[PDB]
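Okay, here's what each chain looks like letter by letter:
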There are 2 protein chains.
Amino acid sequence: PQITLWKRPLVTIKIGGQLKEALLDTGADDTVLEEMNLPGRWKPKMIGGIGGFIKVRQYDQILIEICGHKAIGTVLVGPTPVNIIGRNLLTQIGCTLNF
Amino acid sequence: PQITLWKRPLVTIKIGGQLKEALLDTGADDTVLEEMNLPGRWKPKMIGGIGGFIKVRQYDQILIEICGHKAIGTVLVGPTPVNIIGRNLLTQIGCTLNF
Ligand SMILES: CCOP(=O)(COc1ccc(C[C@H](NC(=O)O[C@H]2CO[C@H]3OCC[C@H]32)[C@H](O)CN(C[C@@H](C)CC)S(=O)(=O)c2ccc3c(c2)OCO3)cc1)OCC
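Residues numbered from 1 in each chain as written, not as in the entry; some residues may be left out. Chains lettered and ligands numbered in written order. Heavy atoms only, no water. Residues with missing side-chain atoms left out of burial classes, pairs and counts.

- X-ray crystallography is the method the PDB entry lists for this structure, together with a resolution of 1.9960 Å.

**Side note on the interface of chain B and chain A**
Consideration 1: Contact with chain B, which involves 39 residues of that partner, is made by 37 residues of chain A.
Consideration 2: Both sides of the chain B and chain A interface together cover about 3600 Å² of buried area, and 63% of this is carbon and sulfur.
Consideration 3: For the pair chain B and chain A, the interface holds two salt bridges.
Consideration 4: In this structure, the connection of chain B to chain A is made through 22 residue pairs in polar contact.
Consideration 5: For the side of chain B that touches chain A, the elements supplying multiple residues, two or more each, are strand 1 (2-3), strand 3 (18-24), strand 5 (43-49), strand 6 (52-66), helix 1 (87-90) and strand 9 (96-98) of chain B. (Contact = heavy atoms within 4.5 Å. Buried area = accessible area lost by both parts, 1.4 Å probe. Salt bridge = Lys/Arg side-chain N within 4 Å of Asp/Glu carboxyl O. Polar contact = N/O pair within 3.5 Å; in protein donor to acceptor, adjacent residues only side chain to side chain. Helix = DSSP H or I, 4+ residues; strand = E, 2+ residues; numbered from the N terminus.)

**Things to note about the pairing of strand 2 (residues 10-15) of chain B**
A regular strand places its side chains so that they alternate between the two faces of the sheet.
Residue and element names in this part refer to chain B.
Consideration 1: In strand 2, alternate side chains face the same way, and those of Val11, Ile13 and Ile15 are buried while those of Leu10, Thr12 and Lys14 on the opposite face are not.
Consideration 2: Looking at chain direction, strand 2 and strand 3 are connected through six bridges and run antiparallel. Bridge pairing in strand 3 links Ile13 to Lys20.
Consideration 3: Between strand 2 and strand 3, which pair antiparallel one after the other, the connecting turn spans two residues, and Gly16 there sits at a positive phi close to 50°.
Consideration 4: The pairing of strand 2 with strand 6 spans three bridges and is antiparallel. Across the sheet, the residue bridging to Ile13 is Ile66, located in strand 6. (Buried < 20%, exposed > 50% of the residue type's maximum accessible area, 1.4 Å probe, protein only. Pairing = 2+ DSSP bridges.)

**Concerning the packing of aromatic side chains**
Consideration 1: For the structure shown, the criterion picks out zero aromatic pairs over all chains.
Consideration 2: A cation over an aromatic ring shows up here: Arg57 of chain B above the ring of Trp42 of chain B, its NZ or CZ 5.8 Å from the ring centre. (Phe/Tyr/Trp six-rings, centres within 6.5 Å; stacked < 30°, edge-to-face > 60°. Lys NZ or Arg CZ within 6 Å of the ring centre and 35° of its normal.)

**Observations regarding the relation of the copies chain B and chain A**
Here the two chain copies are tied together by a rotation about an axis and a shift along that axis.
Consideration 1: Overlay of chain B on chain A (RMSD 0.5 Å): rotation 178°, translation along the axis 0.1 Å. Interpreted geometrically, this transformation is the action of a two-fold axis. Taking the C-alpha atom as reference, chain B places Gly51 of chain B closest to the rotation axis, 2.0 Å from it.
Consideration 2: Both copies present the same face, since 95% of the interface residues in chain B are matched by interface residues at the equivalent positions in chain A. (Least-squares fit on C-alpha atoms.)

As structure tokens, then:
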């Protein structure tokens, strides 16, 4: 599909057997999701943006389905205000910018 | 052009007669540039990111050329970690997401 940018590019994702709304974010190197209790081990990490850094939990080899397209990679979990799909997963679903 | 996301979507921009490098950021509602001098009036504003709020200077109806495409809109100037081109200008240059 093609998504215009008049509004925030929000889509439905599936992760850990749950549906959520997330932002397709070409400005995000990594994928940052709202607080959730994913199983398995994780590594502490900090990521920075406008305003400073937040503490997040890095889970690896996590499957996410974005608009029916499957992707598996690293997902960061922490007190983010919005679910953010970053380039590490956007590349896997064949997402490009076009103008 | 068509831009893949295996690396950061960085492009050259021209604003106030000066060339700079900026990130095409579909997750940003607004355009925010690092500290610089811009002519014309400006009003103090505040914007929030992943790690909190920052104070910016809002410049309205600023000419800015993005990878060869002209836009005239709002540009915020402040302590952002990187120059980011947000949806307010991405829409002007006809940028869409596609997968
Ligand atoms: C509504 C909820 O509350 P809120 O109002 C806004 O919530 C939001 C918070 C973040 C975002 C996404 C963020 N957009 C953003 O900053 O946009 C600003 C300007 O325009 C406005 O539009 C929305 C906010 C304003 C960027 O797309 C991506 N970022 C990097 C970028 C700064 C380049 C370095 S990043 O997230 O930090 C990040 C992600 C993965 C990583 C990483 C860093 O490092 C490695 O992996 C969108 C909405 O904030 C009050 C507390």
